[PDB]
Amino acid sequence: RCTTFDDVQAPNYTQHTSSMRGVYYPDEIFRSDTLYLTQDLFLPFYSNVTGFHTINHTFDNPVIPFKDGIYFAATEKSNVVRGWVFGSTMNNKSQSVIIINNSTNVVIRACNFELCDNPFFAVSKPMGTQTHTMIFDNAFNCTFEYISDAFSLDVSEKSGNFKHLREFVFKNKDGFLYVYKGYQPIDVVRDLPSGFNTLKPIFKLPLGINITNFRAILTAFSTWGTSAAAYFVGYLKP
Amino acid sequence: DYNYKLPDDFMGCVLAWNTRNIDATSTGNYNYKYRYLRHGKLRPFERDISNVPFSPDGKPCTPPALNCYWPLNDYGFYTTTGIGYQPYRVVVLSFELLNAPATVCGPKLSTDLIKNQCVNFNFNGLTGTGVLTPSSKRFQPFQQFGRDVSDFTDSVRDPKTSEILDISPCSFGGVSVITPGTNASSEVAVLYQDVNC
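Protein sequences appear in the order of chains A and C.
Count the first sequence with the entry's author numbering and you get residues 18 to 239, 244 to 259, in order.
Start counting the second sequence at 407; every next residue gets the next number (the entry's author numbering).
So this is what it looks like as structure tokens:
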């Protein structure tokens, strides 16, 4: 549904570094004690990484251009940024894969959608219960369907330093969508820390679509509020 | 191919077959549609179904105004047309030899591994030979085919038994015979074998 909040503040594009991130296993190959070279799409060391700090007043998930592949950092002890839509123009004309989690199961599905201007689940701030989907309403000329395995999630708001970190890399490559999981414990206030970690491949989605734009999906703690749990985006380069 | 691109490097199999009997009717089948308006060449293994009137410079159109044609030339296949206008059902079978858990196999029966030397191993299309001794290697579940310091079939997972084993190749090498002079002695040569006793 097209339900936008009142006090929505635009992003200021706060820049940070890509310090030692965006590194994944490029292939399904065990390699041991070798200084191996690879030319694929990668996040460069020390890039201009755009920040999105979603404090209680400032609501940040614009329609960001995709451009040959993205990096996605998400400081989430609060488990807020649950969902992505990868579309061409994100209208009812074009196709848009939607990769969300319903707090127990990840849903990947690609069709033509009338995109909501501001989607969110009706989630309380102290409780953290997922009740009403407000992301997809209309779905016609649908092609792709996927439903994942089951693993639980804590929706509610933590406090202090982030106990987790969500690193992601999406590649539009050969009509697919390569997804890379990043899962490490940290301790930081709001910064993207200079930390190295390798990503593992999880999804090779056989979609095939002009992906020019995207928009992350926030689980807002609903005249609204969000935790101090920001996220970062960076691009890839060959 | 400007609306369905197949890449140069990556493979597939083009399977087309004539359907003058089925998909060609004298009244025409205007369900088999066909695009012609598209901004730039289309990316390989992709598509865009979207039936939107395109302005060549780029404007939000409203048909049937000027430079705002429909992007479709929907051809109705007749059964009386020539061969160049017959309907062909075309199936393109792309493949993935990217060594995931090996999904689409062949009808060959699966034997069992032996530690013994020089076995014509066929772990999912990976032919060759060699000593097939099990070893201690880590092998994350998203990597099922290990390599050397430079690019060989070195260590595989047995796809039935999920076991970690590396391959040493069959014991090749030179063979050096050692002789005294035949005019002095045609007595039998002694030989290397350049591996092991």
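Where is the CB? At the ideal position from N, CA and C, for every residue including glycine.
With a cut-off of 8 Å on Cβ pairs, the region 594-602 of chain C is not in contact with the region 562-569 of chain C, counting fewer than three such pairs. Within the same chain, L519, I520, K521, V525, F527, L571, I573 come within 7 Å of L538 (chain C) by CB-CB distance, once the 5 residues on both sides are set aside.
For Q32 (chain A), the enclosing beta strand (DSSP E) has its first and last residue at 31-33. For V537 (chain C), the pairing in a beta bridge is given by DSSP as C:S574.
At a C-beta separation below 7 Å, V458 (chain C) has these neighbours in chain A: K110. When Cβ-Cβ separations below 8 Å define contact, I455 (chain C) makes contact with chain A. Here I116 (chain A) carries a strand assignment [DSSP, helix/strand/coil]. For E131 (chain A), not one C-beta of chain C is nearer than 8 Å to its own C-beta. CA-CA distance, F416 (chain C) to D57 (chain A), rounds to 15 Å.
If only uninterrupted beta strand (DSSP E) runs of at least 3 residues are considered, those enclosed by the region 459-532 of chain C are 494-498. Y53 (chain A) is classed as exposed because its beta carbon has fewer than 16 other beta carbons within 10 Å across all chains shown. Counting only residues of its own chain and dropping the five nearest sequence neighbours on each side, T485 (chain C) has a CB closer than 8 Å to the CB of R426, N427, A430, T431, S432. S561 (chain C) reaches chain A at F47, counting residues in chain order whose Cβ is nearer than 8 Å. Shown here, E452 (chain C) sits in coil according to DSSP, grouped into three states, outside any helix or strand. Below the 9 Å Cβ cutoff, chain C contributes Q546, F548, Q549 as neighbours of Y42 (chain A), in chain order.
Closest in C-alpha terms to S35 (chain A), from the list A:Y200, A:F59, A:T160, comes A:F59. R126 (chain A) is a Cβ neighbour of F161 (chain A), given a cutoff of 8 Å. In the three-state DSSP reduction, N189 (chain A) falls in the strand class (E or B). For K84 (chain A), the nearest beta carbon of chain C is not closer than 8 Å to its own beta carbon. One Cα belongs to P575 (chain C), the other to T559 (chain C), and the distance between them is close to 10 Å. Only residues of its own chain outside the window of five on either side were considered, and among them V196 have a CB closer than 6 Å to the CB of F220 (chain A), listed in chain order. For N108 (chain A) against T20 (chain A), the beta-carbon gap comes to about 18 Å, at or over 8 Å, which does not count as contact. With respect to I152 (chain A), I234 (chain A) sits close: the two C-beta atoms are nearer than 8 Å. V66 (chain A) counts as buried, since no fewer than 16 other beta carbons sit within 10 angstroms of its beta carbon. Contact check for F483 (chain C) against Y440 (chain C) fails: the beta carbons are separated by 8 Å or more.
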